[PDB]
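Visitor: Dropping a structure here in structure tokens format, bear with me for questions.
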Amino acid sequence: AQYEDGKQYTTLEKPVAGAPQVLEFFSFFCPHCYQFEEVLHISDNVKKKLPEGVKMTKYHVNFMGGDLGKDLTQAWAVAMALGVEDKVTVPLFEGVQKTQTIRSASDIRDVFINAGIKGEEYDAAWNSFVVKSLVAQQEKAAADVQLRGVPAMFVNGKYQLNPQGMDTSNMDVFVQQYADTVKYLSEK
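Everything in the sequence shown is counted per my numbering, starting at 65 for the first residue and increasing by one.
Quick look at the structure:
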């Protein structure tokens with residue numbers, strides 16, 4: 065077959081019921097995640113080839129960067145609650161991996177302030193039980209599915225993208241192969 069289990073994707077032994085259609089996991093500490101976001105624009109190119117009626121979800125993980133890692137998972141819950149993902153993703157990646165100006169929760173907060181979210185609004189969000197459950201959702205989803213590595217994408221709680229088995233000679237061709245694989249898995 066042109067698409068083969070173990071080649072562009074793997075199958076979960078232990079399928080996850082009720083799982084989001086396209087579920088992606090990342091960390092702001094994750095170097096391939098940086099690439100996926102700023103150079104390859106994976107999420108965006110997947111969206112463009114997905115049918116419609118299909119929801120895309122993106123969650124942060126705790127297992128990188130210790131204490132700061134958990135703060136970043138809370139901050140991403142804040143971002144999801146406020147709908148400001150698009151405004152903080154780049155400054156968070158660059159503040160962690162490029163400029164290395166993110167070293168504490170207060171530094172994460174600065175990124176939001178500078179992106180124009182108001183202090184009061186951010187801190188109320190940070191402390192809110194709606195953010196608490198959004199943190200739980202991120203954790204449970206990762207727990208449900210094995211997760212010890214990022215970047216990761218899972219389709220319909222059954223299939224996991226295997227970018228190692230795709231060619232990287234041309235970044236453009238890598239991305240299309242990836243997105244086309246998601247489309248294929250989505251129609252499966």
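Quick reminder that beta carbons are idealized off the backbone N, C-alpha and C, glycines included.
1. Terminal residues of the continuous alpha helix (DSSP H) containing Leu249?
2. Between which two residues does the beta strand (DSSP E) carrying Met217 extend?
3. Over the uninterrupted beta strand (DSSP E) stretch that includes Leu225, give me the two end residues.
4. Could you pull the DSSP bridge partners for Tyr73 from this structure?
5. Rounding to the nearest angstrom, what Cα-Cα distance links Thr163 and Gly70 in this structure?
6. Using DSSP with H/G/I as helix, E/B as strand and the rest coil, what is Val142?
7. Taking a contact to mean a Cβ-Cβ separation below 7 Å, would you say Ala206 touches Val118 in this structure?
8. Report the start-end ranges of each beta strand (DSSP E) in the segment 73–146 that is 3 residues or longer and not cut off at the edges.
9. For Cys97, collect the residues of the same chain with a Cβ closer than 8 Å to its Cβ; drop the 5 residues on either side in sequence, then sort them by chain order.
10. Can you tell me the Cβ-Cβ gap for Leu136 and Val246, rounded? I've got them flagged as a contact below 8 Å.
11. Based on Cα-Cα distance, which residue from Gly180, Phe193, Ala65 lies nearest to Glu149?
12. Just the Cα atoms here: how many angstroms apart are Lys78 and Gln210?
13. For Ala145, which residues of its own chain have a beta-carbon under 7 Å away from its beta-carbon, when the five flanking residues on both sides are left out?
14. Which residue wins for smallest C-alpha separation from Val86, given the options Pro95, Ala169, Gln138, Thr121?
15. Can you name the start and end residues of the alpha helix (DSSP H) that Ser197 belongs to?
16. Within this structure, are the beta carbons of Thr74 and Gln224 separated by less than 7 Å?
17. Do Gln72 and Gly183 have their CB atoms nearer than 7 Å?
Guide: Here's the rundown:
1. 235–250
2. For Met217, the uninterrupted beta strand (DSSP E) run begins and ends at 216–219, by DSSP.
3. 223–225
4. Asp69, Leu225
5. Each residue's Cα considered, the two are about 37 Å apart.
6. helix
7. No, these two residues do not count as a Cβ contact at 7 Å.
8. 73–75, 86–90, 120–124
9. Excluding sequence neighbours, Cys97 sits near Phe90, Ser91, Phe157, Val214, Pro215.
10. With a Cβ gap of about 25 Å, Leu136 and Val246 do not count as contacting.
11. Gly180
12. 9 Å
13. Non-local beta-carbon contacts of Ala145 in its own chain, meaning distances under 7 Å to residues more than five positions away in sequence, involve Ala189, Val194, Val195, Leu198 in chain order.
14. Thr121
15. 193–208
16. Result yes, Cβ atoms of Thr74 and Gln224 sit closer than 7 Å.
17. no
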